[PDB]
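*Asks:* Residue 13 is where the sequence shown starts when you use the entry's author numbering, and the numbers rise one by one after that. Using N, Cα and C, we set each Cβ at its ideal position, and we do this for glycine too.
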Amino acid sequence: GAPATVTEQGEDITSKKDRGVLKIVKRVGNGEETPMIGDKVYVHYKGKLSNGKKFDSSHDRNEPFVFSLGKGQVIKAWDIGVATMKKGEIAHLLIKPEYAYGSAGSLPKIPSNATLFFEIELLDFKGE
Ligand SMILES: COc1cc2cc(OC)c1OCCCOC[C@@H](C)OC(=O)[C@@H]1CCCCN1C(=O)[C@H]2C1CCCCC1
Numbered sequence: 013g014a015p016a017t018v019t020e021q022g023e024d025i026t027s028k029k030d031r032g033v034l035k036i037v038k039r040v041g042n043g044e045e046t047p048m049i050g051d052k053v054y055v056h057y058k059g060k061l062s063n064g065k066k067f068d069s070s071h072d073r074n075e076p077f078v079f080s081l082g083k084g085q086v087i088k089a090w091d092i093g094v095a096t097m098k099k100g101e102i103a104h105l106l107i108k109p110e111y112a113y114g115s116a117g118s119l120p121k122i123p124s125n126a127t128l129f130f131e132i133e134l135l136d137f138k139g140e
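#1: How many whole angstroms separate the CB atoms of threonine 46 and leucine 106, which I take to be in contact at a CB cut-off of 8 Å?
#2: Any idea what DSSP makes of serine 70, helix, strand or coil?
#3: Would you give the residue range spanned by the alpha helix (DSSP H) that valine 40 belongs to?
#4: Tell me whether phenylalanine 137 is buried or exposed, calling it buried when 16 or more other Cβ atoms sit within 10 Å of its Cβ.
#5: Determine the extent of the beta strand (DSSP E) in which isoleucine 102 is found, giving its start and end residues.
#6: Within the same chain, show all residues whose beta-carbon is closer than 8 Å to that of residue 142, passing over the 5 residues directly before and after it, in chain order.
#7: Drop a sphere of 10 angstroms on the beta-carbon of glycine 82, count the other beta-carbons inside from all chains shown, and report buried for 16 or more, exposed for fewer.
#8: With a CB to CB cut of under 7 Å and the five nearest residues on each side skipped, what residues in its chain are close to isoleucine 25?
#9: Under 6 Å from any heavy atom of ligand 1, does the C-beta of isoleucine 87 make it?
#10: Could you check if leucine 134 belongs to the surroundings of ligand 1, using beta carbon to heavy atom distance under 6 Å?
#11: Would you mind reading off the limits of the beta strand (DSSP E) that contains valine 55?
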């Protein structure tokens with residue numbers, strides 16, 4: 013499935029090159045602006061534990077997920093990965109614990125040392 017494909021074929025978009033955040037572009041977006049730190053960002057996403065064992069969707073809330081990039085609202089891997097996307101792009105991210113919830117986890121949703129998978133569509137972004 014998608015998580016294994018990203019392991020095998022994803023690009024390492026970390027500064028450290030530690031394969032902490034692996035990305036595949038699944039649908040190409042438009043323009044060549046990508047969101048800058050501070051931007052108000054609008055996405056739809058489907059996410060789960062690597063393990064397949066918990067699953068989560070923006071669609072569950074019936075509404076886009078909105079956050080300021082690099083403002084510690086989301087895990088480090090989102091600040092990193094969404095910043096590489098173009099408006100209208102869909103990407104797959106596979107994320108090691110260090111770029112997500114770490115060895116502490118976030119119970120009961122997220123266990124210790126959890127690898128996470130997301131599909132993200134970038135809908136839009138606007139300057140602060
Ligand atoms: C750890 O708590 C949650 C994690 C997720 C969804 C949650 O609710 C819909 C959630 O609890 C409510 C807090 C809202 O704040 C989410 C923020 C921390 O989340 C994140 O940084 C990331 C990226 C933005 C989308 C939500 N992300 C999650 O980690 C989800 C996970 C995804 C894997 C399956 C379990 C939920």
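*Replies:* Quick look at the numbers:
#1: The residue given as residue 46 occupies position 34 in the sequence shown. The residue given as residue 106 occupies position 94 in the sequence shown. Contact flag wrong, Cβ pair sits at about 20 Å.
#2: Sequence index remark: in the sequence shown, residue 70 carries index 58 (1-based). In the structure shown, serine 70 sits in a helix (DSSP, three-state: H, G or I).
#3: Along the sequence shown, one-based indexing puts residue 40 at 28. Taken as a continuous stretch (DSSP letters only), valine 40 belongs to no alpha helix (DSSP H), as it is neither H nor E.
#4: Along the sequence shown, read from residue 1 onward, the residue named residue 137 stands at position 125. Result: buried.
#5: Within the sequence shown, residue 102 is the residue found at index 90, counting from 1. Unbroken beta strand (DSSP E) run through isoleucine 102: 102-107.
#6: Here the chain has residues from 13 to 140 only, and residue 142 is not among them.
#7: Residue 82 sits at position 70 when you count from the first residue of the sequence shown. Buried, because 16 or more other Cβ atoms sit within 10 Å of the Cβ of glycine 82.
#8: Position 13 of the sequence shown, counted from the start, is the residue given in the question as residue 25. Close CB contacts of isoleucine 25 within its chain, under the 7 Å cut and outside five residues either way in sequence, are with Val33, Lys35, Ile92, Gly93 and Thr96 (chain order).
#9: For the purposes of this step, residue 87 is identified with residue 75 of the sequence shown, where counting begins at 1. Answer for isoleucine 87: yes, Cβ within range of ligand 1.
#10: By one-based count along the sequence shown, residue 134 stands at place 122. The answer is no for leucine 134.
#11: As a position in the sequence shown, residue 55 is number 43, starting the count at 1. Annotation for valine 55: the continuous beta strand (DSSP E) segment containing it runs 52-61.
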